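The data below hold one chain only, encoded as structure tokens and taken in the form deposited in one PDB entry.
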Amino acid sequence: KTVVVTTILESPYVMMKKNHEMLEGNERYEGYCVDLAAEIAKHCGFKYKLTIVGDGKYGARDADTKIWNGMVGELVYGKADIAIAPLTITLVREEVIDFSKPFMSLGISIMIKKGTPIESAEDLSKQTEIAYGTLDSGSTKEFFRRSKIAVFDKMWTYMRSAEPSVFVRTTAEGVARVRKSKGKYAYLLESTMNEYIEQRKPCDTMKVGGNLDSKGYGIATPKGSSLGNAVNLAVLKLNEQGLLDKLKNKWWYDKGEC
């Protein structure tokens, strides 16, 4: 009956409201994806319940055990009906779940503390003084792992063997590491997040260079779900009607602190 929506606490997509302890259900949350879920639900005419993914992950398959974790796993094992989050559309995931056309276009980017003498991935790969890493679990880390491109593979060899770990548990942890490193740590992350952080106090970070790749976030459903076709059409209509642009402005720039 009620559509179970799995999502992840990742600002500004989904965040706990200030007085969330005084609220119940969907009203406890706010964000880009909270607004998008309400809109998809209104347009497709269904009732839903937002639930935060238990393990706080996006979705990877463990080799050997072959088990899918994160939001992807919730869909694959039937714990949720749909995933509305900054979940990257990838080949390995499309083999086990369905994705709508992209509701957001992005690429891997470089975040630096202002003043850091780095302007590109080639720059990072060629030097050793400034450390760099990615979100430990996700498509960004997998991009570097699977890349046959020289600069990116060179970057991976270093990241995989770096001690202590250059990988981080959450975006917030990567941003704090960039902010506290005196420019000795650069962070590789999804471009839209890099832009978001660039508009947050203390306004000491910035995106440098072009994006390393091009991809998109999609709404996900279990293969052969009855919700799949409907939701894909909703994303296309919402995009055409300009809602996706408006939501980005609201959560990124209208709220900008710099």
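Between two forms, the rigid core is the largest collection of C-alphas that superpose within 1.5 Å. Heads up: residue numbers just count along the shown sequence, starting at 1.
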item: Of 155 to 163 and 90 to 98, the stretch whose C-alpha atoms average the higher B-factor in the entry; value: 155 to 163
item: Selected stretch [higher average CA B-factor]: 190 to 198 or 58 to 66; value: 58 to 66
item: Of the residues 31, 216, 210, 222, the one carrying the largest Cα B-factor as recorded; value: 210
item: Residue, from 109, 147, 134, 116, that the PDB entry assigns the highest Cα B-factor; value: 147
item: Among modelled residues of the same chain, the CA temperature factor third for residue 139; value: middle
item: Ranked C-alpha temperature factor of residue 38 among modelled chain residues, by third; value: lowest
item: Where the record places residue 25 (Cα B-factor, split into thirds across the chain); value: middle
item: B-factor third for the C-alpha atom of residue 53 within its chain; value: lowest
item: Third of the chain's Cα B-factor distribution that residue 4 belongs to, per the entry; value: lowest
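Below, we refer to the form deposited in another entry, which is not included among the displayed structures.
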| item | value |
| --- | --- |
| Rigid core fit then residue 137 CA moved by 2 Å or more between the shown form and the other one | yes |
| Residue 125 C-alpha shift between the shown form and the other one of 2 Å or more, rigid core reference | yes |
| Per-residue C-alpha change between the shown form and the other one, residue 107, threshold 2 Å, rigid core fit | no |
